[PDB]
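Below: the structure, in structure tokens.
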Amino acid sequence: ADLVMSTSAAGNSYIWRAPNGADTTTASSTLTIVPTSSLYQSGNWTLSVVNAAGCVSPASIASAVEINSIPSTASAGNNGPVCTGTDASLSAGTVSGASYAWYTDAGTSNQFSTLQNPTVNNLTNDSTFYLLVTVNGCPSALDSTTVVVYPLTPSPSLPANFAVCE
Amino acid sequence: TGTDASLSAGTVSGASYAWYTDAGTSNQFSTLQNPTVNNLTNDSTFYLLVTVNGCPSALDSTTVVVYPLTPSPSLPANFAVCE
């Protein structure tokens with residue numbers, strides 16, 4: 001994600017100091033760092049400004065930036081084939097402390113559940129479900145699963161109505 | 001032959017697990033400690049990497065051996081008896 005830092009301070013030019021000493025400038029009160037850059041680094045950032053007389057302000061109190069990694073995905077699946085009309089359950093792998101979120105659509109707007117292994121009610125067809133796993137606020141890609149519904153059992157066949165003598 | 005199977009891996013301190021369908025670990029199979037395997041009809045093999053603090057630990061192949069098909073039992077040919 002882009003790293004965005006800004007001030008409200010007035011100045012003619014703004015001086016941005018990276019934790020590792022990298023030092024850049026801009027005319028704007030807002031600096032955006034695109035993550036290809038040598039400045040896309042975590043740690044304590046400081047700012048100082050320079051006015052029209054060429055005078056540089058004291059540096060600001062550092063603001064920490066915490067760049068989090070993107071977690072790996074959880075294994076995801078379900079209990080296996082389900083008889084048409086009955087209940088089923090989903091399954092997700094355990095990772096270190098993380099929240100789980102299941103969605104009813106690939107576009108994760110319709111929240112299904114927040115459980116590690118939620119159940120699914122009344123499957124009559126091959127509904128799919130989508131899993132996100134979030135650690136320290138960072139979601140881990142997305143994992144689709146399909147619960148396969150077995151075909152309906154055909155009726156057994158008996159002889160036609162008949163009669164016998166005593 | 002024809003049924004399901006499961007894989008197994010030892011527990012180590014916090015580590016991620018990754019199983020591959022090939023020695024060249026480009027085709028991700030699963031990320032579970034002990035994932036299942038569906039429909040084995042032959043001796044498929046699987047490959048395990050274990051990663052700690054970003055460092056993968058060599059590679060470990062396993063083979064799930066599939067038993068040979070049960071032969072059909074043999075009965076006498078069609079026959080008849082009197083009441």
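Chain labels run A, B, ... following the order of the structure tokens; each chain numbers its residues from 1, and ligands are numbered from 1 in the order shown.
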Taking only region 2-166 of chain A into account, list the residues labelled strand (DSSP E or B) by DSSP (computed from the backbone), as a ChimeraX atom specification.
/A:3-6,13-17,23-26,30-33,43-50,56,63-65,76-78,82-83,88-92,99-103,111-113,119-120,128-135,138-139,143-146,149-150
Pick out the residues sitting within 7 Å of region 143-148 of chain A, and hand them over as a short mmCIF file (atom, residue, chain, number, x, y, z; two decimals) with N, CA, C and O atoms, in the first residue's frame; count only C-alpha atoms, and ignore anything fewer than 4 positions along from it in its own chain.
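To be explicit, this is the file written out as selection04.cif:
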data_model
loop_
_atom_site.label_atom_id
_atom_site.label_comp_id
_atom_site.auth_asym_id
_atom_site.auth_seq_id
_atom_site.Cartn_x
_atom_site.Cartn_y
_atom_site.Cartn_z
N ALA A 76 -8.08 -24.12 3.09
CA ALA A 76 -9.51 -24.03 3.29
C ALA A 76 -10.20 -25.11 2.50
O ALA A 76 -9.75 -25.49 1.43
N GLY A 77 -11.30 -25.58 3.05
CA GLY A 77 -12.07 -26.64 2.45
C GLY A 77 -13.36 -26.85 3.19
O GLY A 77 -13.91 -25.90 3.77
N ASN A 78 -13.87 -28.07 3.16
CA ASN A 78 -15.12 -28.40 3.81
C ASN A 78 -15.15 -29.88 4.14
O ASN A 78 -14.19 -30.60 3.90
N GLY A 80 -16.59 -32.36 2.82
CA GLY A 80 -16.72 -33.33 1.76
C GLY A 80 -18.12 -33.35 1.21
O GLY A 80 -18.93 -32.50 1.55
N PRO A 81 -18.42 -34.30 0.34
CA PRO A 81 -19.71 -34.40 -0.34
C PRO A 81 -20.87 -34.44 0.64
O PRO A 81 -20.83 -35.14 1.64
N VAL A 82 -21.93 -33.74 0.29
CA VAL A 82 -23.11 -33.55 1.12
C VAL A 82 -24.35 -34.06 0.40
O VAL A 82 -24.57 -33.68 -0.74
N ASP A 126 -24.22 -26.89 -5.50
CA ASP A 126 -22.81 -26.68 -5.17
C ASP A 126 -22.48 -25.22 -4.84
O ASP A 126 -21.79 -24.53 -5.59
N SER A 127 -22.96 -24.76 -3.70
CA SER A 127 -22.65 -23.40 -3.27
C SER A 127 -21.18 -23.31 -2.96
O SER A 127 -20.56 -24.28 -2.50
N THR A 128 -20.60 -22.13 -3.18
CA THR A 128 -19.21 -21.88 -2.88
C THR A 128 -19.12 -20.82 -1.81
O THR A 128 -20.05 -20.06 -1.58
N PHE A 129 -17.99 -20.77 -1.14
CA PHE A 129 -17.84 -19.82 -0.07
C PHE A 129 -16.43 -19.25 -0.19
O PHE A 129 -15.58 -19.86 -0.83
N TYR A 130 -16.18 -18.06 0.33
CA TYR A 130 -14.87 -17.43 0.16
C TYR A 130 -14.28 -17.02 1.50
O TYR A 130 -14.95 -16.37 2.29
N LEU A 131 -13.01 -17.35 1.73
CA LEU A 131 -12.36 -17.05 3.01
C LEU A 131 -11.25 -16.02 2.94
O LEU A 131 -10.33 -16.13 2.14
N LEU A 132 -11.31 -15.05 3.84
CA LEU A 132 -10.24 -14.10 4.08
C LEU A 132 -9.65 -14.35 5.45
O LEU A 132 -10.39 -14.57 6.40
#
**Request:** Kindly provide, as a VMD selection string, the residues of chain B having any atom no farther than 7 Å from an atom of chain A, counting only C-alpha atoms.
**Result:** chain B and resid 30 to 32
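Take CA of residue 37 (chain B) and CA of residue 2 (chain B): the distance between them is 11.3 Å.
Residues with any atom within 9 Å of residue 28 (chain A), counting only C-alpha atoms and excluding same-chain neighbours fewer than 4 positions away, are residues 6, 11, 12, 13 and 14 of chain A.
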Once you have the residues from the selection above, write them out as an mmCIF file, in the first residue's frame, restricted to C-alpha atoms.
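In the end it all went to again16.cif:
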data_model
loop_
_atom_site.group_PDB
_atom_site.id
_atom_site.type_symbol
_atom_site.label_atom_id
_atom_site.label_comp_id
_atom_site.auth_asym_id
_atom_site.auth_seq_id
_atom_site.Cartn_x
_atom_site.Cartn_y
_atom_site.Cartn_z
ATOM 1 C CA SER A 6 1.709 14.866 5.859
ATOM 2 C CA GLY A 11 6.996 26.367 4.638
ATOM 3 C CA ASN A 12 8.605 26.890 1.296
ATOM 4 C CA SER A 13 9.935 23.369 1.148
ATOM 5 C CA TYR A 14 9.428 20.289 3.288
#
Contacts of region 60-73 of chain B at 10 Å (only C-alpha atoms; same-chain gap of 3+ positions) as a ChimeraX atom specification: /B:1-3,5-9,19-23,37,40-50,57
Can you pull out the residues contacting residue 15 (chain A)? Cut-off 6 Å, using only C-alpha atoms, and skip same-chain residues under 6 positions away; I want them as a count of residues only. 4
